[PDB]
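Observations on the three-dimensional arrangement
What follows is each chain in one-letter form.
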Amino acid sequence: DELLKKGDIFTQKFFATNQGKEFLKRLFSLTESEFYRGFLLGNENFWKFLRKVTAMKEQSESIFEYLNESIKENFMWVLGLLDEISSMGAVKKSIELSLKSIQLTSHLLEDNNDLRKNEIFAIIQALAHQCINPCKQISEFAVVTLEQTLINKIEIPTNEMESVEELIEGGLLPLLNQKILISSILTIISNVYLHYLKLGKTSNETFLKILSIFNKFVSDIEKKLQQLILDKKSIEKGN
């Protein structure tokens, strides 16, 4: 009733002051007592209000997952919150803030073994979608971060994930579906195809989707063609 709705009383101008800082400290610290944890974590409207990330000094630097404080369902709302925090940087001070947010999304892969196809693909789609931000500094060290997640934070053989096939044609293709973004977002895929063949974990024709998507666009992509083809036999000669 009072907090979310009434915009005239509670504006950006109000809770930048010390009163607002103490208010947000007490409200976010309310998710520590065992009595109130379940209601606040499970509520939808609380998380909708907690997407109050606008202007700067909105308790914007403070409003992390408390402060990189993970547990130690409902992950889509916090994922969107991290998404908005990371996308806030568009310029002078919040670039490192955004990088810390990207690393927080990287850390999110590890914590809870409760993992499903939709949740994981939401994470990868968010990381790849962060390349769209026009700043180069955020974009390059976002894509290397998503490489780090794809390599060092995923194992294919599970009940909840089959192999790299749907991993390629899942959430990545929304990014592929922007013209100048191809040469990075394909090249990262060219890593992940071959790295898992350090073991040999891909059938002979399972990788054809990458051979399908690359020519699906149509001249750098044509000039990038033979470079993509030639390592297929370097795999044969090694790794």
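Here goes a summary of the coordinates provided. (Residues numbered from 1 in each chain as written, not as in the entry; some residues may be left out. Part of a larger assembly, values for the part shown. Heavy atoms only, no water.)

Focus: helix α4 (residues 75–88)
Residues that lie three or four places apart on an α-helix share one face, since the helix turns once every 3.6 residues. For α4, spanning 14 residues, the distance from its first C-alpha to its last is 20 Å, which sits close to the expected 20 Å at 1.5 Å a residue. Considered for burial, the residues of α4 that qualify are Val-78, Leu-79, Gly-80, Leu-81, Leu-82, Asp-83, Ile-85 and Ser-86. On the buried face of α4, the contacting elements are α3 (44–49), α5 (94–107), α6 (117–129) and α7 (136–152). (Helix = DSSP H or I, 4+ residues; strand = E, 2+ residues; numbered from the N terminus. Expected span 1.5 Å × (residues − 1). Buried < 20%, exposed > 50% of the residue type's maximum accessible area, 1.4 Å probe, protein only. Contact = heavy atoms within 4.5 Å.)

Considerations on the packing of aromatic side chains
For the structure on display, the rule yields five aromatic pairs. Here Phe-28 and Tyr-66 contribute two aromatic rings whose centre-to-centre distance is 6.3 Å and whose plane-to-plane angle is 35°, an arrangement assigned as tilted. Of this pair, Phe-28 sits in helix α1 (residues 18–29) while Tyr-66 is found in the loop between α3 and α4, placing the two residues 38 residues apart along the sequence. Of the residues examined, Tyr-66 reaches a relative accessible area of 42% and is grouped as partly exposed. (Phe/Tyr/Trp six-rings, centres within 6.5 Å; stacked < 30°, edge-to-face > 60°.)

A closer look at the packing of α4 against α5
Between α4 and α5, whose axes approach to 8 Å, the crossing angle comes to 150°. As far as their axial angle goes, α5 and α4 are roughly antiparallel. Note on packing geometry: the crossing formed by α4 with α5 is left-handed. Residues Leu-82, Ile-85 and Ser-86 of α4 pack against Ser-98, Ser-101, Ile-102, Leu-104 and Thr-105 of α5. Residues of the contact of α4 with α5, tallied by class, amount to four nonpolar, four polar and no charged. (Axes fitted to C-alpha atoms, helices over the stretch in contact; angles between N-to-C directions. Parallel < 35°, antiparallel > 145°, perpendicular 65-115°, else oblique. Left-handed = near helix turned anticlockwise from the far one by under 90°. Nonpolar A, V, L, I, M, F, W, Y, C, P; charged D, E, K, R; others polar.)

Here we look at the pattern of salt bridges
Applying the stated criterion across every chain yields a total of three salt bridges. Here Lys-5 and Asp-1 are joined by a salt bridge, their closest N and O atoms 3.3 Å apart. Here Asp-1 falls in the exposed class, since its relative accessible area comes to 72%. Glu-166 is paired through a salt bridge with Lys-117; the nearest N and O atoms lie 2.3 Å apart. Linking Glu-166 in helix α8 (residues 164–168) with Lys-117 in helix α6, this pair joins segments that are 49 residues apart in sequence. (Salt bridge = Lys/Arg side-chain N within 4 Å of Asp/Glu carboxyl O.)

Some words on the environment of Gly-38
Along the chain, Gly-38 falls in helix α2 (residues 37–42). When the C-alpha atoms of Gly-38 and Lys-13 are compared, they prove to be 31 Å apart, with 25 residues separating the residues in sequence.

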